[PDB]
Amino acid sequence: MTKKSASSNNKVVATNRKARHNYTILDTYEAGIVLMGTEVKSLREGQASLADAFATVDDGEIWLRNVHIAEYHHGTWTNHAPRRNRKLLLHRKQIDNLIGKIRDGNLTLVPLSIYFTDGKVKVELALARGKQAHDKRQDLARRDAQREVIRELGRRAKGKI
RNA sequence: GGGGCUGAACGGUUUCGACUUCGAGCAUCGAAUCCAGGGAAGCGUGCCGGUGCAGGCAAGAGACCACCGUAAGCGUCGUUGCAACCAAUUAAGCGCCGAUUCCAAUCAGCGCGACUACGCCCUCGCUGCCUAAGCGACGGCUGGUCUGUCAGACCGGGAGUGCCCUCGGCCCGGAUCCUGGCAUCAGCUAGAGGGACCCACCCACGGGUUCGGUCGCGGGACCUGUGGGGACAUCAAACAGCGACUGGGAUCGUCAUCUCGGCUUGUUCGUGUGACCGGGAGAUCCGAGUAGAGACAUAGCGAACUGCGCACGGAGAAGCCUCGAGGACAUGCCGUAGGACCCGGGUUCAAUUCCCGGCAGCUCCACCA
RNA sequence: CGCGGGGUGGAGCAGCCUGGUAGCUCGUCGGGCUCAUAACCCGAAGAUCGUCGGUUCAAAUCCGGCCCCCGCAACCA
């Protein structure tokens, strides 16, 4: 299963296992991070990151902030603000259906797989929720630090990386 | 220190898909979607009035100030405001630190052992005995200065019944009844009583507010105040406080006809009707009905509109109808056209890749300088 | 002594080949959360560009000199 039976090549660049360990399976959308020509060659060798990330609803557009990019080969590189504002392209037909849901039961927006096509890229968003039900402190302290750690360190070794 | 194997490397590399210029919509967008270089009242109107900005919009306001006879802009004062606005984040809190209470008692343990008003309001003397009134003050024998209790009077009543005869320290008392015989004495100074009363027949008065009223009408004429140690106001005959009889006295009552009265047509009116018409929820002669159970409206014909006084011809916002979709101008959302080929130039779509080449960081060189 | 580069609130970094209103991170001040501190969050203030002189309408920017720092060179008989 590459890209619809046999039509294109899309299998390079692994999937970050952080979203499949602290979240669940419910909603799954597709988007595309607008990047420059420098960030293209910094993700072909499989140099991703496992840092925190959160979206930021602005008017009608989405801005996924807090991201870490390698950009390092042999010597020093001047770079160009790795933690900038990268507008994510989408469809007003989907956006409007996400702002009203992300600002309800305290939901987030974390990426799934990073599909690197012919030079270009394609991020896979998802609308999920944590393993716990809101915050209870006393009633939510023994299941988020014991059972959640097993699902994070157990499912990672099963799917290669 | 200089050239460069490399930084996305047959050119078919518009992610279905974002912005931002275009077709469409105008749903918000300095606006009760617009307005006049337009008209009408015998060619029009008036007897005084307008505008705002020091401070890009708006108020409390003095009627500031002056205009060729023919149209114009202040910042007077006190409050002057918007220049005052405390504008929000994500799923990882058991990691540092916390005292507890009314009857007696207040560091703990042990040996003894319990308090003042609860049953006492309310001086003093004998018992029984409430957890034990330290034989004394309740429930009761008895002993005293302290006076509990069948209580008046505006009953002036036949029928049972004179309903009874003293009061804040008693205005005066325990004599006929609660010492026992023999049916009610701790009120020892606080048992917080229950009271100004409930009218035998007739001395006389009144006849008044229902198509008036009342003397004979249902009332033996009546009701009632009052009188017996001290005196005066009514009845209405079974539909309505707007119900009933032929006749006598009180202040002799009421419904309706014509000369008093109401009007003159979008602003002023000649020229008349006229002191005329109104049987209008207006009086008044006289009659009828049983009453105050009740019912119609004064209009038509044409002289002035500053063109008969002072001025001007859109005088300066008193009202309605006609010419004209006032431009989608004011403005930025929606299906998509377009993608940035390590930042820059040619470029049959994008082009380190097939050409022109600028910087980090790594590989190659013809030297002692 | 030669060449190149560098100086930007308290500090480390933009911007300095194109002279038209100098920004980020951290820290400080003030206002919340907690018993309190730290962490998290926010508002506000703070640098006329090392100094001293020209050109231009306008100089942190172009140019020259002086005072410092850094890299290289400082060396065949």
# chains A, B, ... in the order shown; residues from 1 in each chain; ligands from 1
>>> closest_atom_pairs(of="chain A", to="chain B", cutoff="6 Å", atoms="only C-alpha atoms (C1' of nucleotides)", output="tab-separated table")
residue	atom	partner	partner_atom	distance
A:38	CA	B:342	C1'	5.2
A:75	CA	B:361	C1'	4.7
A:89	CA	B:18	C1'	4.1
A:90	CA	B:18	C1'	5.5
A:91	CA	B:17	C1'	5.9
A:118	CA	B:13	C1'	5.6
A:130	CA	B:91	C1'	5.7
>>> interface_residues(of="chain C", to="chain A", cutoff="12 Å", atoms="only C-alpha atoms (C1' of nucleotides)", output="PDB file with C-alpha atoms (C1' of nucleotides), in the first residue's frame")
ATOM      1  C1'   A C  14      19.473  40.407  13.814  1.00  0.00           C
ATOM      2  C1'   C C  24      14.275  38.358  18.681  1.00  0.00           C
ATOM      3  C1'   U C  25      15.872  35.231  23.081  1.00  0.00           C
TER       4        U C  25
END
>>> residues_around(residues="residue 66 (chain C)", least_positions_apart="4", cutoff="12 Å", atoms="only C-alpha atoms (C1' of nucleotides)", output="list in words")
residues 50, 51, 52 and 53 of chain C
>>> residues_around(residues="residue 15 (chain A)", least_positions_apart="4", cutoff="8 Å", atoms="only C-alpha atoms (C1' of nucleotides)", output="list in words")
residues 112, 113 and 114 of chain A
>>> residues_around(residues="region 140-145 of chain B", least_positions_apart="4", cutoff="10 Å", atoms="only C-alpha atoms (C1' of nucleotides)", output="list in words")
residues 125, 126, 127 and 179 of chain B
>>> write_last_selection(atoms="C-alpha atoms (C1' of nucleotides)", output="PDB file, in the first residue's frame")
ATOM      1  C1'   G B 125     -38.546  27.238 113.805  1.00  0.00           C
ATOM      2  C1'   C B 126     -39.741  20.613 114.196  1.00  0.00           C
ATOM      3  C1'   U B 127     -39.523  15.322 110.606  1.00  0.00           C
ATOM      4  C1'   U B 179     -56.543  22.682 114.081  1.00  0.00           C
TER       5        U B 179
END
